[PDB]
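Residue numbers (the authors' numbering), protein chains in the order written: chain L, 460 to 464; chain R, 471 to 475; chain J, 460 to 464; chain O, 471 to 475; chain P, 471 to 475; chain F, 11 to 32, 82 to 357, 368 to 448; chain D, 137 to 292; chain C, 293 to 357, 368 to 448.
Some notes on the structure that comes next.
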Amino acid sequence: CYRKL
Amino acid sequence: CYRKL
Amino acid sequence: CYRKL
Amino acid sequence: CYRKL
Amino acid sequence: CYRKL
Amino acid sequence: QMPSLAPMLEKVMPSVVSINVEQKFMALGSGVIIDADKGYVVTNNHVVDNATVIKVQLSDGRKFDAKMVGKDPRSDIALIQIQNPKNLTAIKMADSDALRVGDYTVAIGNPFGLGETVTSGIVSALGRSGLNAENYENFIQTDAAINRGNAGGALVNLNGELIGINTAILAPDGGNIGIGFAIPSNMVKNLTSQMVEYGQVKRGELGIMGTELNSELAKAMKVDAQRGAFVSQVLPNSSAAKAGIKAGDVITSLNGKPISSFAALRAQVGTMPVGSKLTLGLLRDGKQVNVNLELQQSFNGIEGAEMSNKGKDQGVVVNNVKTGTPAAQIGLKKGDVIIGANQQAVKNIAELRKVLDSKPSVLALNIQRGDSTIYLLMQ
Amino acid sequence: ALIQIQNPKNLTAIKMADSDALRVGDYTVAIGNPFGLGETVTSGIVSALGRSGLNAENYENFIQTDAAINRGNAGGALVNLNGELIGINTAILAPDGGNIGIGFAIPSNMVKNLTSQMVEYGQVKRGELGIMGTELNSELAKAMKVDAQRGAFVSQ
Amino acid sequence: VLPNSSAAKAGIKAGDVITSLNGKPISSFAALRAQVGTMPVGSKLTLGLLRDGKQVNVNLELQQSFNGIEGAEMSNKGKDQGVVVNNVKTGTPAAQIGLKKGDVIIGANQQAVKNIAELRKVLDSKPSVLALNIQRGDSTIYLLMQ
């Protein structure tokens, strides 16, 4: 649902 | 949801 | 990759 | 059918 | 690659 | 006379590096030199995890090789050490606890391996979290441009002091939309200092469960503050239990600094070294409470059995064994008395540990349970 | 490229500055026309200098900026806080066609040299020094006992 | 038969038929393939031929499949006049960097190179990159590797 770098 | 600390 | 404008 | 030495 | 000046 | 950032940047940019890392894969990220002499460079753990070779390209292009030192994937922070450090430049760290929403920010990184790229922004918000609930996350949010490769990059204030480490962005398409997150420097301060001293992170806990404080639960419990940490229960034998924290308390501050949420408070102490003495601000029955605390862990006992010596060189009596431990998997009912093992007599834990120091593949214990003499086996 | 307005009446020209004095950290102001909406101004800074590789055959000495630049900004002006032309906004790095804060501009000193040949001759008189070469990495400086880790290495 | 092969040097021509190996008859080509593939290089052996109903025997010595570094054969030039390049093989890692036959190396990696001995002392240093100061014709150029 949510991502990082 | 119970979180621990 | 690279794009123009 | 081809195979070396 | 080889580039020229 | 035009304002510019080149005065601050030409001094700071040498302190921020670009990383190249080598189902084998090759990746790139960024890091910041913390100790110029020892060549310590901190970066994101998800950049150097499963890394066999670690190559660093400085601001000037100089290449170095670095080795793993510590890692903490729960906070996504890792430390590497440049080998053969020659003429490096450390970065000055600031205390992030003074950051205010509206301060100007500066982002340094290696976007798409293009090289050290600098972008500007402001403090969008602080203490934001929620993208990965199991991670210790207390992120700084900024509208500074941050993309793939800025990970492990530097977030500095206008004076070039390190305030945060660019870590993650929120992007529905994989490209920056003006929402970047950075780990506050103070957390990295606590996180790195353990990696240098211990090689891993000594994780402490207070022994409490809880959940965040919403406006609707503040109604039912007659609590003033609309945000903080709600004490669900205190575990017995916990520092918080020994300190006098009971259930139904509301935590409002940490060492004086107010609290933004439970999840943010969780990330703070999740980085503090074990034993860190701290002061908390509580709220029980609408009464302000302050408490001093000391974190805890989550003769000589060997492998999950508490033991001690008995009599005068009469062996190592087992004091207690918890059911379900590696030392209760091989029986060792409470009260066993080890006279010897592996045909060598055991007078004490020292003659025992001098045989444990031998690290044998298999262990035959010559204990006595009751009035009988038995043997037990290990490994 | 250079075009000529027919019947030039009451126009305003831009003063070009010396881009070779630009430094990473200077504030930049981008001007263009994204999506035909109109003259749109955005702010940013000098991300880096000397950027190249988007098209290796092209003579690219791009300035990188976090000034917002989308489709239609091409040919727009990049100026400093005094409004002196430092570069011509050229390309962006967008895997999705929308700006993510990476614009590239060709320095004014290159534009000043390239426009001056089109005024007199209509084309570019391409000159050569007559040497081959490649980029100098940190590894090559060790073998050649060279101190500098970046520059031009003369093959012949 | 392949050119420059020991069998070609031995006198094996096409249309021959192998019947024995060192006296022992051969069961199959795939057997013989496995046989000599396990003998160390240079194994001197004897074979039984059959061309046009006439028994022929031949002795053989296995083959491979001045200095030579990474697909380039070299030798010395004059008296400490560098390392002259005799010839280069194209599709090999040597000539894939632009090397052509005839070049003469005067030095490398800011260390003087008078012969091949001073070259392998540079290969004993194992540099990440090697910078060669060769001369092809009347020119002084440089060529790199790795």
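Don't be surprised by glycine CBs; every beta carbon is placed ideally from N, CA and C.
Quiz item: Along chain F, in chain order, which residues have C-beta atoms closer than 9 angstroms to that of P231 (chain D)?
Solution: The residue given as residue 231 (chain D) occupies position 95 in the seventh sequence. Chain-ordered, the chain F residues with CB closer than 9 angstroms to the CB of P231 (chain D) read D232, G233 and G234.
Quiz prompt | Test item: CB-CB of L265 (chain D) and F289 (chain D) under 7 angstroms | solution = Here residue 265 (chain D) is taken as the residue at index 129 of the seventh sequence, counted from 1. Here residue 289 (chain D) is taken as the residue at index 153 of the seventh sequence, counted from 1. No.
Exercise. Check whether the segment 171–180 of chain F touches the segment 222–234 of chain F, counting contact only when three or more Cβ pairs, one atom from each stretch, lie closer than 8 angstroms.
Key: A contact is defined here as three or more CB-CB pairs under 8 angstroms, and the segment 171–180 of chain F fails this definition with respect to the segment 222–234 of chain F.
Quiz item: Is it buried or exposed for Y195 (chain F), if we count other Cβ within 10 angstroms and need 16 for buried?
Solution: In the sixth sequence, the residue the question calls residue 195 (chain F) occupies position 136. It is buried - the Cβ of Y195 (chain F) has at least 16 other Cβ atoms within 10 Å.
Quiz item: From C:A410, C:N417 and C:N369, pick the residue whose C-alpha is nearest to that of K381 (chain C); which is it?
Solution: Residue mapping note: residue 381 (chain C) aligns to position 79 of the eighth sequence, counting from 1. That would be C:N417, whose Cα lies nearest to the Cα of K381 (chain C).
Quiz prompt | Test: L173 (chain D) CB closer than 7 angstroms to a CB of chain C | solution = Here residue 173 (chain D) is taken as the residue at index 37 of the seventh sequence, counted from 1. It does not; no Cβ of chain C falls within 7 angstroms.
Quiz item: In the DSSP assignment, what residue or residues form a beta bridge with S377 (chain F)?
Solution: Here residue 377 (chain F) is taken as the residue at index 308 of the sixth sequence, counted from 1. The partner list for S377 (chain F) (beta bridge, DSSP) reads F:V386.
Self-check item: 3-residue-minimum beta strand (DSSP E) runs that sit fully inside the segment 298–333 of chain F, ordered along the chain
Solution: 309–313
Quiz item: What is the rounded straight-line gap between the Cα of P429 (chain F) and the Cα of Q448 (chain F)?
Solution: Along the sixth sequence, one-based indexing puts residue 429 (chain F) at 360. Along the sixth sequence, one-based indexing puts residue 448 (chain F) at 379. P429 (chain F) and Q448 (chain F): Cα-Cα distance of roughly 8 angstroms.
Quiz item: Going by alpha carbons, who is nearest to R462 (chain L) out of F:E20, F:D232, F:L294 and F:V431?
Solution: By one-based count along the first sequence, residue 462 (chain L) stands at place 3. Closest option to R462 (chain L), Cα to Cα, is F:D232.
Quiz item: Quick one: any contact between the segment 161–169 of chain D and the segment 152–160 of chain F, if contact means 3 or more CB pairs under 8 angstroms?
Solution: no
Quiz item: Would you say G212 (chain F) and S89 (chain F) are within 7 angstroms of each other, going by their C-beta atoms?
Solution: Here residue 212 (chain F) corresponds to residue number 153 of the sixth sequence, with the count starting at 1. Here residue 89 (chain F) corresponds to residue number 30 of the sixth sequence, with the count starting at 1. Yes, these two residues count as a Cβ contact at 7 angstroms.
Quiz item: What first and last residue would you give for the beta strand (DSSP E) that runs through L352 (chain F)?
Solution: Stepping through the sixth sequence from its first residue, residue 352 (chain F) is reached at position 293. Taken as a continuous stretch (DSSP letters only), the beta strand (DSSP E) holding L352 (chain F) covers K346 to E353.
Self-check item: Collapsed DSSP secondary structure at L117 (chain F) in the structure displayed
Solution: Taking the sixth sequence and counting its residues from 1, the one referred to as residue 117 (chain F) is at position 58. In the structure shown, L117 (chain F) sits in coil (DSSP, three-state: anything other than H, G, I, E or B).
Quiz item: My guess is that residue 67 (chain F) and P24 (chain F) are in contact by the Cβ rule of under 8 angstroms, so how many angstroms apart are they, rounded?
Solution: Missing from the coordinates is residue 67 (chain F); the shown part of chain F jumps over it, going from 32 to 82.
Quiz item: Using a Cβ-Cβ distance under 7 angstroms, would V177 (chain F) count as near chain D?
Solution: Locating residue 177 (chain F) in the sixth sequence gives position 118, where the first residue counts as 1. Yes - at least one Cβ of chain D is within 7 angstroms of the one on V177 (chain F).
Self-check item: Interface residues of chain C facing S291 (chain D) [CB-CB closer than 7 angstroms]
Solution: Here residue 291 (chain D) corresponds to residue number 155 of the seventh sequence, with the count starting at 1. Those are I443 and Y444, listed as they occur along chain C.
Quiz prompt | 7 angstroms Cβ cut-off: residues of chain J touching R207 (chain D) | solution = If you number the seventh sequence from 1, residue 207 (chain D) lands on position 71. The contacting residues are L464.
Quiz item: If we call anything under 7 angstroms between Cβ atoms a contact, is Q116 (chain F) one with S14 (chain F)?
Solution: In the sixth sequence, residue 116 (chain F) corresponds to position 57, counting from 1. In the sixth sequence, residue 14 (chain F) corresponds to position 4, counting from 1. Going by C-beta atoms, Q116 (chain F) is not nearer than 7 angstroms to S14 (chain F).
Self-check item: Backbone CA spacing between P243 (chain D) and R187 (chain D) [nearest angstrom]
Solution: One-based indexing of the seventh sequence puts residue 243 (chain D) at position 107. One-based indexing of the seventh sequence puts residue 187 (chain D) at position 51. Between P243 (chain D) and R187 (chain D), the C-alpha separation is close to 11 angstroms.
Quiz item: Can you list the residues of chain J that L138 (chain D) reaches, using a CB-CB cut of under 7 angstroms?
Solution: On the seventh sequence, residue 138 (chain D) is found 2 positions in, with the first residue counted as 1. Those do not exist, as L138 (chain D) stays about 18 angstroms from chain J at its closest Cβ, beyond 7 angstroms.
Practice problem: Assign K126 (chain F) to one of three DSSP states: helix, strand, or coil. | Solution: Here the question's residue 126 (chain F) lines up with position 67 in the sixth sequence. Looking at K126 (chain F) - three-state DSSP - the assignment turns out to be strand.
Exercise. Take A86 (chain F) and list the residues in its own chain whose beta-carbon comes closer than 7 angstroms to its own, dropping the five residues that flank it on each side.
Key: Translated into positions along the sixth sequence, residue 86 (chain F) becomes position 27. Result list for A86 (chain F): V31 and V106, in chain order.
Quiz item: Alpha carbon to alpha carbon, how far is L341 (chain F) from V328 (chain F)?
Solution: In the sixth sequence, residue 341 (chain F) corresponds to position 282, counting from 1. In the sixth sequence, residue 328 (chain F) corresponds to position 269, counting from 1. Those two C-alpha atoms are separated by around 16 angstroms.
Exercise. Could you check how far apart the C-beta atoms of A125 (chain F) and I139 (chain F) are, in whole angstroms? I think they sit under 8 angstroms.
Key: Position 66 of the sixth sequence, counted from the start, is the residue given in the question as residue 125 (chain F). Position 80 of the sixth sequence, counted from the start, is the residue given in the question as residue 139 (chain F). Contact holds; Cβ gap of about 4 angstroms.
Quiz item: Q292 (chain F) by DSSP, collapsed to three states: which one?
Solution: Counted from its first residue, the sixth sequence places residue 292 (chain F) at position 233. Reduced to three states, the DSSP call for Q292 (chain F) is strand.
Self-check item: Beta-carbon proximity check, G384 (chain F) vs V406 (chain F), cutoff 7 angstroms
Solution: One-based indexing of the sixth sequence puts residue 384 (chain F) at position 315. One-based indexing of the sixth sequence puts residue 406 (chain F) at position 337. It is a contact, given that the beta carbons lie within the stated cut-off.
Quiz item: Does any heavy atom of the ligand GTP sit closer than 6 angstroms to the C-beta of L434 (chain F)?
Solution: This structure simply doesn't include the ligand GTP, nor any ligand for that matter.
Quiz item: Quick one: Cα of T270 (chain F) to Cα of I310 (chain F), how far?
Solution: Mapped onto the sixth sequence, residue 270 (chain F) falls at position 211. Mapped onto the sixth sequence, residue 310 (chain F) falls at position 251. Their Cα atoms are separated by approximately 11 angstroms.
Practice problem: Note down, in chain order, every chain D residue with its Cβ under 7 angstroms from the Cβ of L19 (chain F). | Solution: By one-based count along the sixth sequence, residue 19 (chain F) stands at place 9. Per Cβ cutoff of 7 angstroms: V160 and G161.
Quiz item: Are the C-beta atoms of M152 (chain D) and some chain P residue less than 7 angstroms apart?
Solution: Looking up residue 152 (chain D) in the seventh sequence gives position 16. Taking Cβ atoms only, chain P never reaches closer than 7 angstroms to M152 (chain D), which makes this a no.
Exercise. Return helix, strand or coil for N209 (chain F), following the three-state DSSP convention.
Key: Position 150 of the sixth sequence, counting from 1, holds the residue named residue 209 (chain F). The DSSP-derived three-state label of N209 (chain F) is coil.
Quiz item: Going along chain O, which residues have a C-beta under 7 angstroms from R325 (chain C)?
Solution: Locating residue 325 (chain C) in the eighth sequence gives position 33, where the first residue counts as 1. Here the neighbours are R473.
Quiz item: Using the beta-carbon count (16 or more within 10 Å), is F368 (chain C) buried or exposed?
Solution: As a working note, residue 368 (chain C) is residue 66 in the eighth sequence. Exposed, by the Cβ-count rule.
Self-check item: Identity of the residue in D:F240, D:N218 and D:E220 nearest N206 (chain D) by Cα
Solution: Numbered from its first residue, the seventh sequence carries residue 206 (chain D) at position 70. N206 (chain D) has its Cα closest to that of D:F240, out of D:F240, D:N218 and D:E220.
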